[PDB]
Every structure is written in C-alpha cells, then in structure tokens.
Amino acid sequence: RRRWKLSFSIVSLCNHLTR
Amino acid sequence: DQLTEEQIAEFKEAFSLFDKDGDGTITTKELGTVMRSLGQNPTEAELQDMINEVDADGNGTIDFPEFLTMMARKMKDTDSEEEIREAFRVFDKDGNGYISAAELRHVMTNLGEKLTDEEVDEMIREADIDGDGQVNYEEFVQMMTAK
Ligand SMILES: [Ca+2]
Ligand SMILES: [Ca+2]
Ligand SMILES: [Ca+2]
Ligand SMILES: [Ca+2]
C-alpha cells in the first residue's frame, strides 16, 4: 500500500522515460 | 489543498532511490543507475534529455521539486495497457505469469530498497487474493487500484 504503489511508480516512470 | 506526510514520505523515498549519494540532486549517472537495474540501456545523452525536460533552474540535475514535476508528467500521462504489462514483466522476471516472493525481493533490491525477507512476504500476502502465495497479473492490477 506504500510498498507496491511505490515500486510500481518507479518502474512505470522508468518505462515512460525511455523512448 | 493539503498534502499528507506519508505522501511526502512516499515522494522522499522515491527521490532517495535515484539520489544514491543523498546530496539532494539526481544526476545522469544516478538516473542511469536505476534504469539500468530495471533492464534498460539509456545513453548519457538520452538521460540528459530526460533531465532537461524538468530542469527548471537549468543547473543540469533534478532537485526535489523538479522530480515531483517529473512524476506529474511522466508517472501520469500515458500508462493504460500493453505497458502495465511491461511493468509486470519487470516484477515477473522469468516470465511464468507469477511474481514469486523472491522475484519481488529482486525488484526491490534493484530499485535500492534492501528490505528484509519478512517484509517481502508481507507484500505478497497483501496482493495475494487466490491463496497460491504468489501474484499473477490480475492481482497486480488490483493492487495498483487500491489505496
Ligand atoms: Ca545525487
Ligand atoms: Ca535542476
Ligand atoms: Ca515469475
Ligand atoms: Ca496468488
């Protein structure tokens, strides 16, 4: 609930940044 | 209209994962370190372009407010389908449809958070709705929708 959404957010952010 | 301390704590934790040396700025070396641990190969120049987008004061690095800006733009604009599948693929390392307790532990270590083995299982059991001790794709999606 902090653990999952935090890990997901950073993974998703890194996924977005690489284009 | 407020901002809670655990919200602030969540941003601080994310920021600190990138800012490895704790000096209050994220460099291209640091941004690249995180992305590389998550299975990507950004060039130095690509990393610099990433910073440039949000580098409001122009100093070549990302401070805390600039990183908040980054999350507002990148960590919410795209992201719906076929790329939440990419995010799950990072968790589900070997690609068998199930995030094991050990695979979850492997993602957290690659992000920077070296949590205990006990705390890893506490996460699993949180998202584990069908009882098999693992997190399939559907349970991952439902974990992302709750508080
Ligand atoms: Ca730093
Ligand atoms: Ca800056
Ligand atoms: Ca797996
Ligand atoms: Ca399960």
Side-chain angles (χ1 to χ4, degrees), chain A residues 3-4 6-15 17, chain B residues 8-40 42 44-75 82-115 117 119-144:
Chain A
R3 305 270 188 179
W4 281 105
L6 195 287
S7 58
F8 172 81
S9 69
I10 289 168
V11 165
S12 63
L13 172 72
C14 287
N15 281 1
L17 285 176
Chain B
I8 297 164
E10 279 157 8
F11 297 138
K12 195 167 195 184
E13 182 163 293
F15 186 86
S16 288
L17 290 181
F18 289 91
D19 183 25
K20 302 280 189 199
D21 70 356
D23 79 336
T25 77
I26 305 166
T27 57
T28 49
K29 190 201 282 195
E30 289 175 325
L31 189 61
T33 294
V34 177
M35 303 208 174
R36 230 123 49 208
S37 71
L38 298 182
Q40 306 191 285
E44 179 65 20
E46 270 154 8
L47 290 164
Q48 194 55 59
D49 286 330
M50 287 170 210
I51 288 177
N52 287 352
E53 299 213 349
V54 300
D55 186 28
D57 70 355
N59 72 342
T61 63
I62 304 168
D63 64 8
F64 203 86
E66 290 172 351
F67 174 84
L68 294 182
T69 284
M70 202 193 330
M71 294 291 271
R73 292 181 201 182
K74 269 24 164 70
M75 223 284 296
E82 295 89 37
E83 58 203 314
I84 284 67
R85 189 62 174 178
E86 294 177 2
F88 174 83
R89 188 196 310 153
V90 184
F91 286 74
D92 179 40
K93 179 160 174 51
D94 70 355
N96 82 314
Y98 301 82
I99 307 162
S100 61
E103 267 174 337
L104 182 64
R105 138 172 251 263
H106 192 265
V107 171
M108 301 298 160
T109 310
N110 284 168
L111 292 172
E113 189 162 287
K114 296 176 174 182
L115 41 40
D117 298 347
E119 297 179 332
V120 169
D121 206 38
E122 289 175 341
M123 285 187 73
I124 287 285
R125 295 172 291 199
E126 211 170 33
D128 179 44
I129 300 160
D130 69 10
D132 78 344
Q134 289 176 296
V135 177
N136 74 153
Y137 178 74
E138 198 170 34
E139 285 166 349
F140 187 74
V141 174
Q142 263 56 218
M143 201 66 193
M144 275 32 272

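Residue numbers start from 1 in every chain, and the chains themselves are labelled A, B, ... in the order their sequence lines are given, proteins ahead of strands. Numbering of ligands and ligand atoms starts at 1, following listing order. Computation of the quantities below employed the complete heavy-atom set of this structure, encompassing side-chain atoms and omitting hydrogens, waters and symmetry-equivalent molecules.
Taking the Ca ion (ligand 3) as reference, B/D92 places its N/O/S atom OD1 nearest. Looking at B/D55 and the Ca ion (ligand 2) together, the shortest N, O or S contact belongs to OD1. When the Ca ion (ligand 3) is compared with the N/O/S atoms of B/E103, atom OE1 turns out nearest. Within B/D94, OD1 is the N, O or S atom that lies nearest to the Ca ion (ligand 3). For B/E66, the N/O/S atom at the shortest distance from the Ca ion (ligand 2) is named OE1.
Distance CG/B/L104 to CG/B/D121: 9.5 Å, rounded to 0.5 Å.
For the Ca ion (ligand 1), the nearby protein N/O/S atoms, meaning those under 3.0 Å, are B/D19 OD1, B/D21 OD1, B/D23 OD1, B/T25 O, B/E30 OE1, B/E30 OE2.
No side-chain donor-acceptor contact under 3.5 Å links B/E83 to the backbone of A/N15. Here the side chain of B/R73 pairs no donor or acceptor atom with the backbone of B/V54 at under 3.5 angstrom.
B/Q134 lies apart from the Ca ion (ligand 3) in this respect, since none of its N, O or S atoms is found at a distance under 3.0 Å. The distance from the Ca ion (ligand 3) to the nearest N/O/S atom of B/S100 is not under 3.0 Å.
Salt bridge annotation for B/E119-A/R3: present, with a cationic side-chain nitrogen under 4.0 angstrom from a carboxylate oxygen.
Here the rule is side-chain hydrogen bond (donor to acceptor under 3.5 Å, both in side chains) with B/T28, and of B/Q48, B/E44, B/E46 only B/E44 fits it.
Heavy atoms of other residues, nucleotides or ligands lying less than 6.0 angstrom from NZ of B/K12 number 12 at most.
B/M75 and A/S12 make their closest contact through SD-OG, 3.5 Å (heavy atoms, listed as atom of the first residue, atom of the second, distance). Shortest non-hydrogen contact noted between B/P42 and B/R36 is O-NH1, 4.2 Å.
With the Ca ion (ligand 2) as the vertex, OD1 of B/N59 and OD1 of B/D57 span 80° to the nearest 10°. Rounded to the nearest 10 degrees, the angle O (B/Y98) to the Ca ion (ligand 3) to OD1 (B/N96) equals 80°.
Ring geometry for B/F15 versus B/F64: interplanar angle of 30 to 60°, hence tilted.
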